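Structure first, commentary second.
None of the figures in this text is laboratory data; all of them are computed from the coordinates on show. Counting neighbours? That spans all protein chains shown, and the Cβs are built from the backbone with ideal geometry, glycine included.
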2 protein chains.
Amino acid sequence: XXXXXXXXXXXXXXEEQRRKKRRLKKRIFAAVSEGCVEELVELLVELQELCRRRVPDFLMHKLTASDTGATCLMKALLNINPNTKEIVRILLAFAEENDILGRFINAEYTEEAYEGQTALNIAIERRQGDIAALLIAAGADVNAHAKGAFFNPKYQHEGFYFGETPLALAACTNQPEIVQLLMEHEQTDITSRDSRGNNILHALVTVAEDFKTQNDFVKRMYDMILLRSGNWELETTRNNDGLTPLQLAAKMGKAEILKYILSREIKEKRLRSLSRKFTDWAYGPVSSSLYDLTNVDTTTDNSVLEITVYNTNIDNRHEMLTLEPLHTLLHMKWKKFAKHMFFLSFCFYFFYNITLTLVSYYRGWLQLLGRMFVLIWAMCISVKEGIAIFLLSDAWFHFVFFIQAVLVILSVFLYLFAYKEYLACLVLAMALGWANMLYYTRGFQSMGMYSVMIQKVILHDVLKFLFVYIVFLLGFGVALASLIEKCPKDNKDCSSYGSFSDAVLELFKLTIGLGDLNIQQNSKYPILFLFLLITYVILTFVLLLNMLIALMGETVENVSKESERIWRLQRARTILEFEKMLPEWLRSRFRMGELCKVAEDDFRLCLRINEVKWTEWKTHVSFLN
Amino acid sequence: XXXXXXXXXXXXXXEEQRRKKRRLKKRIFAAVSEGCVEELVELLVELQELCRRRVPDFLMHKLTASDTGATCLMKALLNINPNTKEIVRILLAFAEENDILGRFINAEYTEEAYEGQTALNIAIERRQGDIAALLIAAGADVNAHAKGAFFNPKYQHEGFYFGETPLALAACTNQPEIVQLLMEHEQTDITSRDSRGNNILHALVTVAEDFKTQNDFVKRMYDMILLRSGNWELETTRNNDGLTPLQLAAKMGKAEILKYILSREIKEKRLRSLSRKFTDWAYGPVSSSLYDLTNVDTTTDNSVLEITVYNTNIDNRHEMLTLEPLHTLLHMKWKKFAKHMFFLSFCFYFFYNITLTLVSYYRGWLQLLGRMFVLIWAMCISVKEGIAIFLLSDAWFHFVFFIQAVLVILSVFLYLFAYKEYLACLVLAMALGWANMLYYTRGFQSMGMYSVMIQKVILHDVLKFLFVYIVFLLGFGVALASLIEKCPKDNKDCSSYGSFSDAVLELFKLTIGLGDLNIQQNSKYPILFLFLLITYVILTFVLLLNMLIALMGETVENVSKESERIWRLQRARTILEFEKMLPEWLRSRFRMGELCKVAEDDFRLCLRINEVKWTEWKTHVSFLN
């Protein structure tokens, strides 16, 4: 993004009292920029003090540029010089000699996109730590926020976000030692929060890249910071949206850092009070270990699982899922109730569709008896589908179920009244029904991944082929109809293509191979007709070959691999939907939580799982000696 | 697997004589756990001795927890501390001062899943060797077995198996020096055997991973152990199942360790008495070398080859086969009798089927003459097939042969009686016959691997396509039959689809391309009919394209590679089946064994083979200088 302008060496635009004033001020700024002839700065400072001697507010105004609110020290810090430390010392000494130092160093850069900015921000972004400690020691407020536009962007591509504090900036950026200095300082605040309210930790999450980079600053800095300040009062806090930093890292597709946040095994006493993933009884490869689930068991307001699974703007959900508590929870919930209810609804729907088929085939008293309850199932499934359909590449099947039951109830209704078209609607219904059998191939891996591939092909690859095919079809169709304008001469069979749609249909038969390529009869110029038709055949062939080419390249190496992952995701989505489907009291009966006493005064929910890693253990054994 | 519970820091559950007793005992346990304030342990020990002074059985009971049978020393060993060696020394000194030391250190951890466990087990699993030598020196029984559940699991995924002894644990785990200490000790037993009876070596086999890992503890430990104790009395022994450690490693798919076990060239005198793969006359690349076959020539009760080949739960059989004695044996047996008998049975079966064909084509005296002997071949092949068919992805062809001959004898019988259907059965028979020609494409590599690919495709890829195809077919069929409910009006040809099966058949013709897509006649609403049918066509196309996609991905790089391996395996299976087919006396005539005199008192069977490795030799030549 391109926008309003900043301090730069090169301006983009192409009595002697006023002239002397301009010379002196601009020379001050230019000496700050070059930062070389500090004797020039000394003479200019002596002259400014002499002018003031022959008032401090006007002095600071002559020093502080009113255009962007930029001061000489800020410009000096921007233009990084070898002596720039010396220049900062000199200017600081002169400001002390003037004694307007408070309002000076507390200057907020005044601009539209920059409502506020300390010089310390620049000291840190520029990586000067010695100067940072000096200005901090000088009496610098380390708590003011860069509540601006460039710092708080709407989109990540346009703008730089770090946390709107010095400390968050030191953390996001490399500089750790400065973090130690700021933590040591007494007037420092950690629990201060930005405009959105995201604290330091939330800010850290907004920056850690995924993809398992070899060296990551955020994975370590978070650990150090949390180890220093021992508090559950830090991660318990929330942003504007009421989101925990855990939940925030989950919303975004941030993997390895999330893995860390969910397993913090640490030995010291207060650390143990802070720890997560409490371990016991480990013995060679085998190990029991228990986790905690205070915001993870799906009972919370906006739990972790609902955020991982119902979020489609990531595509990294599968990686997140393979973590311990999540995967174990899904497996447990499956084995407890999904393996029941899934087959249950499968059998209901199967009986339903068979009944529909038989009732459609024969168009007695027991026939009416079944036909009654079929309307009940139709109405029930329609009511269940509509709520999710109105409230919203996965939910297509829901719309399809809703369409089916809608059509069935409509057909039954028009049979209740005096209508003839009803049978038509009816049969279309049951046809759609059998397509929805694909919905239940999720029950099995071998059929499920196949159905996933089928749906992917039907959505991605065929439409581009079919659109261009139909436009060629229509163009050739009108062409050939124009050639076939010769009247039938008392025999419509002599005019095979007298109708446009008839010619279309024959071309489709041709593309299959059923038809009869007639020598052009009832045609004025038959050879042109024939050449044209041949051309159509050729273009269909090459178009087909092109989609067939383009198909193989999408399947480089990730066909089966993405298929299995997507199957697992689909199972997760269904399992969690059923988990919401149950009552509250049944969920009380299924709440898998186990308590624990890790602290003197902490009694939290927990999940005990066993882990068996022959391979990692054998590596551990081999490397140990 | 998740089950009953263990010693842990954190319990999962959420007069002053009794209170003082609880305080003292729990403080003893907690001091053992923390292992820091040894002065607290000293004061507690002084207080316990004072309480006992104002009896040793009650002392050990107050010390030994009766819940899980766990003692203070065991808990101390579990909680590993820096001073834990010092703590063990102190507690040991106090136990000596009490003099109940025997029953103390011989304590068996008493639990349901843990019938018994020494502290030394923990000393070793925890890797403390110094403490191990101390407790061993203290008078520790090193022979007691962990005859429990967790140590002896049914399934490998759930549980940890090592051999149920200290020594087996030291061996399976890294610790070699402890093995030297235990071997040096006089009261040590090597020939002691576990519940299953698998000794140390059998146990080692249960742990060595395959896949040729770069560093493997089992490959070396086995060598050292066997070199120390010079005995054929060790590998001659067997488990509960009567299996040798060789046979056990063969049953499992354990490759490189098996390669080692089958070739042990070693130079020292007693070692030579132990050695395998006796070498002579090696000279540059060329080398003669002879192996031994005391349990490998297929005459033993449960030989190596029968175990490699008739075992399907591995999939690593091909790798095992390329070893020297096996491969040479198979090649020799082939060249001696299989190249005969295979072509023999091929020609018999070929004459048989041709006779069947001709007799089926013409429905004289020589015709009856051939027809007589055909029944003989049918009965004979049926008898040979049924025994293997009843006694049981390879044996499908056997069932097919049995089906064929059964059908033939049935048809001949019903021709013997007064039946008309016989001809039908007859022809079906001969049809199946020609499919079984694939059975004999094993005779050649070029045709054999092709047939392997064909059978794989027919088993794996087409069924998933065809099931979903037929359900679409049936759904669309009932739909279209419902639309075609318009009566024929005196002309069944006007009702092309009046019958359900007829419409099915026409759709199949359509999917081929033979039929005639009729403009919908005898149809109430023809446009819906037409759209529906078009939809079916589209879905067939995309389904076909999907199986075609999924096909290419299964053939990443292992099509021809797995094909050739499977051909070689199939040859092996047939060759060995014929090897069993022969008489006992003929096998006596074909016994390839050659004797040898390696020892003063050893006269074993042997096989002399020559090995030619130009490449390995040239590498040897180049690296040597």
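Tabulated data for the structure shown
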quantity	calculated
Region A:560-625: C-alpha gyration tensor shape, a/c 1.5 cut-off, then a/b vs b/c	oblate
Of all chain A residues, the one whose C-beta is nearest the axis that brings A onto B, in angstrom	A:513, 3
Furthest towards positive pole of dipole, A:157, A:173, A:137, structure part region A:129-205, Cβ charges	A:157
Residue-averaged beta-carbon neighbours from other chains (10 angstrom radius) around B:170-180	2
Copies compared at residue A:18 - label distances in nm, ascending, label defined 7 Å from Cα in the Cβ direction	10.1
Within region B:341-375: backbone nitrogen closer than 19 Å to the residue B:420 label point (7 Å, Cα to C-beta)	B:363
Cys with no candidate disulfide partner in chain B (beta-carbon separation under 4.7 Å rule)	B:36, B:51, B:72, B:172, B:347, B:380, B:425, B:487, B:494
Where labels lie 7 Å past Cα in the beta-carbon direction, separation of residue B:505 and residue A:11 in nm	9.5 nm
Cα gyration tensor shape for region B:505-586, rounded if a/c is under 1.5, else prolate or oblate	prolate
Cα gyration tensor shape of the protein assembly as shown, rounded if a/c is under 1.5, else prolate or oblate by comparing a/b with b/c	oblate
Sites residue B:447 and residue B:594, calculated FRET efficiency, Cβ-Cβ separation with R0 35 Å, nearest 0.05	0.45
Estimated FRET transfer efficiency (residue A:269, residue A:311; beta-carbon r; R0 35 Å; 0.05)	0.40
Under 19 Å from the residue B:389 label point (7 Å along Cα→beta-carbon), backbone N, region B:349-364	B:349-350, B:352-353, B:356
Whole-angstrom Cα spans of chain A along principal axes, big to small	117, 77, 61
Relative exposure of A:182, B:24, judged by other C-beta atoms within 10 Å (fewest first)	B:24, A:182
Links that overshoot a 21 Å alpha carbon limit, given the list A:254/A:336; B:154/B:251; A:212/A:456; A:277/B:62; B:20/B:85	A:254/A:336; A:212/A:456; A:277/B:62; B:20/B:85
Residues A:606, B:347, sorted so that the one with the fewest Cβ neighbours within 10 Å comes first	B:347, A:606
Estimated FRET transfer efficiency (residue B:328, residue A:229; beta-carbon r; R0 60 Å; 0.05)	0.25
Projected label distance in nm at residue A:301 and residue B:343, using a 7 Å step from Cα toward the beta-carbon	8.6 nm
Cα Rg, Dmax, region A:156-215, angstrom units	12.5, 38
Semi-axis lengths, Å, region B:430-583, gyration tensor of Cα atoms, sqrt of 5 times eigenvalues	47, 19, 11
Protection proxy ranking of A:43-49, A:398-404 - average other beta-carbon atoms within 10 Å, highest first	A:398-404, A:43-49
Residues A:74, B:552, sorted so that the one with the fewest Cβ neighbours within 10 Å comes first	B:552, A:74
In sequence order, calculated HN-Hα J values of region A:582-599 (Karplus, 6.51, -1.76, 1.60; Hz; x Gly/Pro)	6, x, 6, 5, 4, 4, 4, 6, 9, 5, 6, x, 10, 7, 7, 10, 8, 9
Within region B:162-206: backbone nitrogen closer than 15 Å to the residue B:220 label point (7 Å, Cα to C-beta)	B:171-180
